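Novice: Got a structure here, written out as structure tokens. Questions coming.
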Amino acid sequence: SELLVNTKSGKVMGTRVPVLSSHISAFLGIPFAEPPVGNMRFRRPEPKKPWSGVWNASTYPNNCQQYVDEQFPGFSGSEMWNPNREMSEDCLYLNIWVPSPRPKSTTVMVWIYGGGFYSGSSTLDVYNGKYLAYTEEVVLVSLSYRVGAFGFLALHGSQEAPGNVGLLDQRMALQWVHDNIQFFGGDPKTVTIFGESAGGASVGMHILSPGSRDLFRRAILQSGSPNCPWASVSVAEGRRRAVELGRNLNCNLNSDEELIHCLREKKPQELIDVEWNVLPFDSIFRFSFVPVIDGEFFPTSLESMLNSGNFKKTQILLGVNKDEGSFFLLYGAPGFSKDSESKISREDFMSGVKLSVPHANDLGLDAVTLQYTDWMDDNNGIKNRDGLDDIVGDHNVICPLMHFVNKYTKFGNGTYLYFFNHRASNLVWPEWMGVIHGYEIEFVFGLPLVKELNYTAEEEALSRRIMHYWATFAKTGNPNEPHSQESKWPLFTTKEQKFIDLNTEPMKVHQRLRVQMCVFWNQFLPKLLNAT
Amino acid sequence: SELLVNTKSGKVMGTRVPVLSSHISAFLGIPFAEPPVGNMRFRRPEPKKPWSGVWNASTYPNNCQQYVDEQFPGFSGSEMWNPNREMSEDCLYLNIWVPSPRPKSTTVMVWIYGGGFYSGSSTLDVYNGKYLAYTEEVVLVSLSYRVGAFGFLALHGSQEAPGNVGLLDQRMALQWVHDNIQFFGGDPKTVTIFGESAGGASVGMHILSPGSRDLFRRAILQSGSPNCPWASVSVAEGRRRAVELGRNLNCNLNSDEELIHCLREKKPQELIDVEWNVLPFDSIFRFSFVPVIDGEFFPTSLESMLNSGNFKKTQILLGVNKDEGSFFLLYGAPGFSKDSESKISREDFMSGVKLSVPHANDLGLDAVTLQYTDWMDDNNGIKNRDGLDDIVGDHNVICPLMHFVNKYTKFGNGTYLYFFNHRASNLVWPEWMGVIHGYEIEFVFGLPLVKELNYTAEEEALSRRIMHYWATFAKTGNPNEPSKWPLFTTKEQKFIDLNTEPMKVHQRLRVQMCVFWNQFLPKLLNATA
Ligand SMILES: *[C@@H]1O[C@H](CO)[C@@H](O)[C@H](O)[C@H]1NC(C)=O
Ligand SMILES: *[C@@H]1O[C@H](CO)[C@@H](O)[C@H](O)[C@H]1NC(C)=O
Ligand SMILES: *[C@@H]1O[C@H](CO)[C@@H](O)[C@H](O)[C@H]1NC(C)=O
Ligand SMILES: *[C@@H]1O[C@H](CO)[C@@H](O)[C@H](O)[C@H]1NC(C)=O
Ligand SMILES: [Cl-]
Ligand SMILES: [Cl-]
């Protein structure tokens, strides 16, 4: 049978699903690890032990325990990102979409969800893999990993809570794919890992971590990179936050052993209720439990590894959205509202930059302000809003990524860069937010192809070329179909630094994506902050 | 006679001169101090002792001892600023042009030449006062003062070489105008001092100094302000450059008295030959002997005085030129040439900013470089050149002036700001240098009104409205006669362009770059230097 597959861990039974007038096979909620429960919370994952009988893989699994956004109750804009399945610590599962009839040795793409390392689910409607698997005839896998304290509590030295376990969950899902995907018609030698934001940072992390390199062929990073300021913390900072979590829960803080034991006895929701209290400052775009630069998953600092070429040399395709920062200003900065133009007063602009660049000293704050302020027109609320939008996006996503792409390209085997700037026709968010963080995903996954979703014909066309770019890249390491009549996406080279826009208009090639501001964020500001 | 005038120090005989198919009276080279020679070198000026008989005031006086530019021999562009009279330490004189017939109590304008405090003469062709005095019917005076070591060698504590004597020379010429101008038909109660660059900074210094405030009614500052980075030094820095001057000359350095005695034995040229060697850095737009913040001529720091309102409250008219910095890049930065477009490489740009902001640490240089570099086109020689040009002008002239203007307007009684950007059709310098430092002067003095000078008719028109703006301001405290030149205000910050086109009003002259130079860089340097 097409739906019955025997894996190295046991048999599995999938389901036939409809997809754009055709059908495809789906294996949902396949376990790849032992439930990280009880005494295993905070521990490295362990391989799922073989089960006997047939595993029913006809329904989505549970979502990992995570904070749930209740800012706009009933609002689809925010809720599409919340867990749409019951939450449980028993959440290490993966989903697979296989073309029907089953391919022989086809390209595999593994999706890693984002959510700032504190949230995310593999089961969201936007991650529904059937459209891309069907359309580009690839074997699509969506994995899952522990988020929040459950995935990244880090007490360096301890082997009960080392930190980086969510990254290890991802790796185990990758090992599972390397071991069993051939049984689904996938080629373990041609797997592309791709993810957005936290997922994108994750992808870059596996490119960096020796232990992950050999488990995939190449990578796609969307709106995220390993070096993002919010994507990792030092062992010290990580230890401090773990201990602060204990303090907030009245825990015995005498030894890791006791602290951890105390934390293992709490119900998930108790950890989550206090999750945000351990952050260093009042800030936006900062999350409590994230990867730690441990000297293990990451041999040395990310900068030194990037500098020395100490990472997987392959082909990468990556990019950003025009307004990565808007989502975060809306939720944490004064003056922003989803029901108004959100014109920002100079006073709010000032507090906005402090929130946005929490680690900066006064001189640092002044530099950012000067860099993003039009002094001929400083009370212009729109320029103030947009200025703050750019600050959040440039500092958190765009510049860290440009740094990564420039460093990576010195050693890599091909880099393709994009700038996604199409504002969807059916977007429920206010216009000031622009091309929002995460909204290129529905195009990557082919959502615009489903008519009931009411996207424009130009949007369906954009989705199809994006899916083909992504897939062709996954298959060959080049988004372009060699000798083809269509415009060509040029390689990003260290000299020319070319990149293309991704929208409904004919392709435009540009150079040096936001160089000016990124020179400020990547070179000058760090120099000024180091000064003292 | 009309040319024979009795002043409080003695009689003087002027001369009738031609001015645009007409004539006026000119009293050239009137002494206002005792010759600052021999033992008087470095000392405060002394009032000129009365003479008997008639002083011959028919010809220009000597120029003060100064560095002479020989970079471009025979070249009129550079040579027009060089002394055109013999140089002598006996140089403290003033000249006066009086309308004919001699008016009754008329507005007086006193010119203070620039030259970075190390050079300058009152006798240059471009400072010829006859056209302005005639056209605008004002009594025009041009004074002189000691420059270089002779006027600013500062050994604070010593009464032999106190520092600021060049400024005191200027003060005594003003005191002389206060005392005698009424005999030339001038109103001592309506005196306007005006000067360019070091002269403009000088004017600003008299506004600040208690000892000078009551010797003039209003002030005009052209391309210079008191707070300019090159316009003053601390007593400690002035003292070390003095000592270094002696070191360069094999002087006894055991005591101020010995050092000074040694320096007074040296021939003027010996001093001048090593003058530049005392500067603390390889730099441009930096001069060795300048005003010292002594606690006497300047009670306290310039900023504190500006902040507390400790200065003369009156009307000020002031402005800058579009390309203040190019002259200095041409002379001291790699890559520039008078005979080429001077496209500037990246290497030369980096070198250039280091020369322009000598005092900055590396972070400071990075900040400046970032602020003026187009990272989408960093190898554009033209942009690199124009960028360096803006850095020099913004940092040395424009932003310091804007800072002065904003601080002064809080307390002042009327500010008029201009931005001169007309490139003279007959300039001999290359296009890349643009609207050069000092070239608005010829329009202020009315040179475009003389036909054999070959200016265009709209240039003569421009000169006339500038002269009238200047003289009307001098007479009333308002350039406007009842298109209006708006009052610069703390809130609005309006200013006008000065060119051949119809007057346009703008606001916040180079506010973006000036926030950087006036607020951010100083803060950065204070936090990390
Ligand atoms: C697997 O679960 C789905 C829904 O619960 C159900 O329709 C189906 O019959 C199940 N298959 C088996 C063999 O239990
Ligand atoms: C990728 O690698 C092969 C050699 O391993 C080389 O010939 C080719 O030029 C490389 N491609 C790029 C874009 O670096
Ligand atoms: C004034 O001096 C000049 C020469 O320097 C001379 O030609 C002129 O006649 C003199 N006038 C008188 C009255 O001495
Ligand atoms: C100058 O002073 C007079 C009287 O004190 C005052 O009415 C006027 O407003 C002042 N002018 C300005 C522009 O400050
Ligand atoms: Cl469907
Ligand atoms: Cl004439």
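Please treat every number below as a calculation from the coordinates, not as lab data. Here Cβ is always computed from backbone atoms with ideal geometry, including for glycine, and neighbour counts include all displayed protein chains.
Novice: In nm, what is the difference between 0.36 nm times the number of residues separating A:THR15 and A:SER88 and their Cα-Cα distance? The partial results should precede the final answer.
Specialist: Numbers: separation 73, 0.36 × 73 = 26.28 nm, distance 2.35 nm.
Using 0.36 nm per residue and subtracting the Cα-Cα distance, I get 23.9 nm.
Novice: Which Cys in chain B stand alone, with every other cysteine's Cβ at 4.7 Å or more from theirs?
Specialist: If one checks each Cβ against the other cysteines of chain B, B:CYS228 turn up with nothing under 4.7 Å.
Novice: Still on this model: Counting only the backbone N, which residues of the range A:64-81 are under 17 Å from the spot 7 Å out from the Cα of A:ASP125 toward its beta-carbon?
Specialist: From the range A:64-81, the list is A:69, A:72-81.
Novice: Separate question: Give me the inter-chain shielding for B:373-384: mean count of other chain Cβ atoms within 10 Å, whole number please. Mind dumping the intermediate values first?
Specialist: On the way: counts 2, 2, 8, 6, 2, 3, 0, 0, 0, 0, 0, 0.
Mean inter-chain Cβ contacts per residue within 10 Å come to 2.
Novice: In chain B, what % of DSSP beta bridges are antiparallel (nearest 5)? Intermediate values should be presented prior to the final figure.
Specialist: Working: 21 of 57 bridges.
Close to 35 percent.
Novice: State the answer as a single residue: which of A:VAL139, A:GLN170, A:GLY224 lies farthest towards the positive end of the charge dipole of the range A:110-262, with beta carbon charges of +1 for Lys and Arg and -1 for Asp and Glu, about the Cα centre.
Specialist: It is A:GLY224, whose Cα lies furthest towards the positive end.
Novice: Can I ask one more? Given points 7 Å out from each Cα along the Cα-Cβ axis, report the A:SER337 to B:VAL68 separation in nanometres with one decimal.
Specialist: For the pair A:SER337/B:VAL68, the computed spacing is 7.6 nm.
Novice: What is the sum of charges, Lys and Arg at +1 and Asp and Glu at -1, for the other residues whose Cβ falls under 14 Å from the Cβ of A:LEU528? Working shown, then result.
Specialist: Working: positive: A:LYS527, B:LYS523; negative: A:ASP362, A:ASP366, B:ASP362, B:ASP366.
My count for the surroundings of A:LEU528 gives -2.
Novice: Please give every one of the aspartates and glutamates within straight-line cross-link reach of A:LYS343, meaning a C-alpha to C-alpha distance under 19 Å, and leave out same-chain neighbours fewer than 8 residues apart.
Specialist: By straight Cα distance, A:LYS343 reaches A:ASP323, A:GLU324, A:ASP374, A:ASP377, A:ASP378, A:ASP386, A:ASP389, A:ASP390, A:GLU431.
Novice: Determine, for each peptide in B:238-247, A:405-414, the mean count of other beta carbons within 10 angstrom over its residues, then list the peptides with the highest first.
Specialist: Numbers: B:238-247: 20.6, A:405-414: 18.1.
In decreasing order of mean packing, B:238-247, A:405-414 become B:238-247, A:405-414.
Novice: Could you rank the peptides A:443-450, B:455-462, B:417-424, B:499-506 by their average count of other C-beta atoms within 10 Å per residue, with the highest value first? It would help to have the intermediate numbers written out before the result.
Specialist: Values: A:443-450: 22.8, B:455-462: 16.2, B:417-424: 19.9, B:499-506: 12.5.
Per-residue Cβ counts within 10 Å, averaged per peptide and sorted highest first, yield A:443-450, B:417-424, B:455-462, B:499-506.
Novice: Can you work out the FRET efficiency for the pair A:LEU529 and A:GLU2, with r the C-beta to C-beta distance and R0 = 56 Å, to the nearest 0.05? Please report the intermediate quantities before stating the final value.
Specialist: Working: r = 58 Å, r/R0 = 1.03.
Computed FRET efficiency for A:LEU529 and A:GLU2 comes out at 0.45.
Novice: Next question. Cross-link partners among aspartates and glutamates for A:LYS488, C-alpha distance below 16 Å, same-chain residues fewer than 8 apart left out?
Specialist: A:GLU496, A:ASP501, A:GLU505
Novice: On to the next question. Less than 14 Å Cβ to Cβ from A:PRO268, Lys/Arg counted +1 and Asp/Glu -1: what total charge do the surrounding residues give? Walk me through the intermediate numbers first.
Specialist: Details: positive: A:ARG41, A:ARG146, A:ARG264, A:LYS266, A:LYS267; negative: A:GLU86, A:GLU89, A:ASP90, A:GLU265, A:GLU270, A:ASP273, A:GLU275.
Around A:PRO268, the surrounding residues sum to -2.
Novice: Another question, if that's okay. Taking 0.36 nm per intervening residue step and subtracting the Cα-Cα distance, what contour gain separates B:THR59 from B:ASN361 on full extension?
Specialist: The B:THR59-B:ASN361 span can extend by a further 103.7 nm.
Novice: When you look at the Cβ of every residue in B:511-520, what mean number of other chain Cβ atoms sits within 10 Å?
Specialist: Neighbouring Cβ atoms belonging to other protein chains average 3 per residue here.
Novice: Would you mind classifying the range B:263-392 by shape? Square roots of the alpha carbon gyration tensor eigenvalues, ordered a ≥ b ≥ c; an a/c under 1.5 is rounded, otherwise it is prolate if a/b is larger than b/c and oblate if not.
Specialist: Numbers: a/c = 2.09, a/b = 1.38, b/c = 1.52.
Oblate is the answer for the range B:263-392, as a/c is 1.5 or above yet b/c matches or exceeds a/b.
Novice: Quick check on the protein assembly as shown: take the gyration tensor over C-alpha atoms, sort the square-rooted eigenvalues as a ≥ b ≥ c, and tell me if it's rounded (a/c under 1.5), prolate or oblate.
Specialist: Working: a/c = 3.14, a/b = 2.66, b/c = 1.18.
It is prolate, given that a/c is not under 1.5 and a/b is the larger ratio.
Novice: Within the protein assembly as shown, what percent of beta bridges assigned by DSSP are antiparallel, to the nearest 5?
Specialist: Looking only at bridges with both residues in the protein assembly as shown, the antiparallel portion is about 35 percent.
Novice: Give me a comma-separated list of calculated 3J(HN,Hα) values for the range B:39-50, in order, Karplus coefficients 6.51, -1.76, 1.60 applied at θ = phi - 60°, integers in Hz, x for any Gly or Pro.
Specialist: The phi angles translate into 5, 7, 4, 6, 8, 3, x, 10, x, 5, 5, x Hz.
Novice: Could you list A:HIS483, B:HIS23 so that the one with the fewest beta carbons within 10 Å of its beta carbon is first and the one with the most is last?
Specialist: Values: A:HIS483 5, B:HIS23 13.
The order, fewest Cβ neighbours first, is A:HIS483, B:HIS23.
Novice: My understanding is that a pair violates if its Cα-Cα distance is over 21 Å; which of B:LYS383/B:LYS407; A:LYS322/A:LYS527; B:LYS322/B:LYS504; A:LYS130/A:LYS451; A:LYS354/A:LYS498; A:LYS313/A:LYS495 do that in this structure?
Specialist: Values: B:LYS383/B:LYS407 32 Å; A:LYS322/A:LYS527 27 Å; B:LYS322/B:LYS504 15 Å; A:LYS130/A:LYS451 15 Å; A:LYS354/A:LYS498 33 Å; A:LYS313/A:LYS495 19 Å.
Checking Cα-Cα distances, B:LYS383/B:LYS407; A:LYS322/A:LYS527; A:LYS354/A:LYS498 exceed 21 Å.
Novice: Please sort A:263-275, A:365-377, B:392-404 by packing, taking for each peptide the average over its residues of neighbouring beta carbons within 10 angstrom, highest first.
Specialist: Numbers: A:263-275: 16.3, A:365-377: 17.8, B:392-404: 26.0.
The packing order, highest mean first, is B:392-404, A:365-377, A:263-275.
Novice: In addition: Calculate, for B:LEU279 and A:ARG423, the FRET efficiency according to 1/(1 + (r/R0)^6) with r their C-beta to C-beta distance and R0 51 Å; round to the nearest 0.05. Could you put the intermediate results ahead of the total?
Specialist: On the way: r = 58 Å, r/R0 = 1.13.
Computed FRET efficiency for B:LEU279 and A:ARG423 comes out at 0.35.
Novice: What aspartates and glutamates does B:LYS189 reach when the alpha-carbon gap must be under 12 Å and sequence neighbours fewer than 8 apart in one chain are set aside?
Specialist: By straight Cα distance, B:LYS189 reaches B:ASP179, B:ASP214.
Novice: Compute, for chain A, the length of the dipole vector about the Cα centre, with Cβ point charges of +1 (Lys, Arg) and -1 (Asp, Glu) only. Units Debye, rounded to 20.
Specialist: Working: 49 positive and 58 negative charges, 396 e Å.
With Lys and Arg at +1 and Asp and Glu at -1, about 1900 debye.
Novice: Taking Cα centroids, how far is the range B:200-254 from the range A:465-493 in Å?
Specialist: If we compute the Cα centre of each part, the gap is 68 Å.
Novice: To check my understanding: the extent here is largest minus smallest coordinate of the Cα atoms along each principal axis. What are those three numbers for chain B, in Å, largest first?
Specialist: 70, 63, 49
Novice: How many partner chain Cβ atoms sit within 10 Å of a residue's Cβ in peptide B:364-372, on average, as a whole number?
Specialist: Values: counts 0, 0, 5, 5, 0, 2, 8, 4, 0.
Going residue by residue through B:364-372 and averaging, the value is 3.
Novice: Still on this structure, I have one more. How do B:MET305, A:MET507 line up, fewest other C-beta atoms within 10 Å first? Display every interim value, and only then the final one.
Specialist: Details: B:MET305 21, A:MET507 14.
So the residues, fewest neighbours to most, are A:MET507, B:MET305.
Novice: If you take the square roots of the eigenvalues of the alpha-carbon gyration tensor of the range A:1-133 and sort them as a ≥ b ≥ c, do you get rounded (a/c under 1.5), prolate (a/b over b/c) or oblate? Let's see the in-between values first.
Specialist: Working: a/c = 2.20, a/b = 1.19, b/c = 1.85.
Oblate is the answer for the range A:1-133, as a/c is 1.5 or above yet b/c matches or exceeds a/b.
Novice: Around B:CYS251, with a cut-off of 12 angstrom between Cβ atoms, what is the net charge of the other residues, counting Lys and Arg +1 and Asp and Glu -1?
Specialist: Here the count lands on -3.
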